[PDB]
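Below: one structure, written as structure tokens.
Cβ coordinates were reconstructed from backbone atoms using ideal geometry, including for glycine residues, and neighbour counts include every protein chain displayed. Laboratory data are not the source of any read-out in this text; all were calculated from the coordinates shown.
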Amino acid sequence: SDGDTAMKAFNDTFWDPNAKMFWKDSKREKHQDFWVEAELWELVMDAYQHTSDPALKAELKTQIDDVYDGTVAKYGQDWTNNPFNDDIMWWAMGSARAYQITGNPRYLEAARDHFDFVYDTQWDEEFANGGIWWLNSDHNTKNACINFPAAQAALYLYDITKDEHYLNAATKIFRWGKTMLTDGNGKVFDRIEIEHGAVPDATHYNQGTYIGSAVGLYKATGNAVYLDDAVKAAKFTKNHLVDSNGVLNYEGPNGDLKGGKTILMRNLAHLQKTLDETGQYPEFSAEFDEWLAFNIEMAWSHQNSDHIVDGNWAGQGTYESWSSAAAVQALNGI
């Protein structure tokens, strides 16, 4: 019910069936940014997986293909002309997931070709002892927002192919990222900048991809340290990226961060599922579940009459698709 309603409302408000892209906001004057569009693509896939309504499920499955078509019409099929390695990797990850759902070989090609471009040419051992560069134009920083998503993309490709190449890549990337882009106790740093060092600013989306990569590695390897890694990062988020009532922060004004709760919620759902499944960390699991439900209820209590929820979950014209996606994601967790 609620996840179905939330997704249908989001589509009614933001989906452009003519361009086959989401609008950036309810003024319907500009389509969504390239990288963010991959994250809305994954929202469609999560709703597809979450729904028990067969009619909605089939509509969402078609929409998975249409989102790709709309983006390819505007941006092409070869994204390696984009100087942002993260942009490429968000799309490689989405493509791997789209392949798992549809079996359409164009998605496996897209995922594998773009993952290889980034991992094979943009990994460097010299600066900071490892890590993938943020950009393929200039090599000045190595960022959480490329490295943890790269580990996740590798995990999906391992799941598809069973090629140990991809598990080995995930393991290597994650080990470097845990060492160089975290404090060892679940705080994920934004980036490490050449001639400066680490920039220890934490954000929702980087907590999220660290958590998802850790959960995926736990499932692929059987090494309990990874589940512990995930739990520590979830605790940090719950205690340190929230307001005084425990509601997740609103990260504006930066446009990229405003919707980051979307990526966080997607990955917190993976941890919740694994904790429920395994029975590990039962004390934390109970606390975590209660805190998640609280956040979701507060967010949805601010829905407008069209069932759209702005990204400021703690409070109150024009609604933006990225900021509004997080509440929809929260009701479509898998």
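Overview of values
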read-out	value
Relative contact order (%) - the stretch 47-172, alpha-carbon pairs under 8 angstrom, separation at least six	20 percent
Shape of the stretch 184-334, Cα gyration tensor, a/c cut at 1.5	oblate
Within straight-line cross-link reach of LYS219, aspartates and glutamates at Cα separation under 20 Å, skipping those fewer than 8 residues along the same chain	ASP46, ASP159, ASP163, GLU164, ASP228, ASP229, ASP276, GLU277
Paired Rg and Dmax values of the chain, which use every Cα atom, in angstrom	18.6, 55
Global geometry of the stretch 23-76, whether rounded, prolate or oblate, following the gyration tensor of its Cα atoms and the 1.5 cut on a/c	prolate
Computed magnitude of the charge dipole of the chain (debye, nearest 20; Cβ of K, R +1, Cβ of D, E -1)	240 debye
Other-chain or far-sequence residues with amide H under 5 Å of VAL242's (modelled H)	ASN249
Candidate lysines - alpha carbon under 19 Å from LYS30, same-chain residues fewer than 8 apart omitted	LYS20, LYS74, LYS258
Simple spin-label estimate for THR221 and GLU290 in nanometres, 7 Å along Cα-Cβ	3.3 nm
Separation of alpha-carbon centers, the stretch 132-173 and the stretch 300-329, rounded to whole Å	32 Å
Full-stretch length increase - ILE101, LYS172 - with 0.36 nm per residue and alpha-carbon distance subtracted	22.8 nm
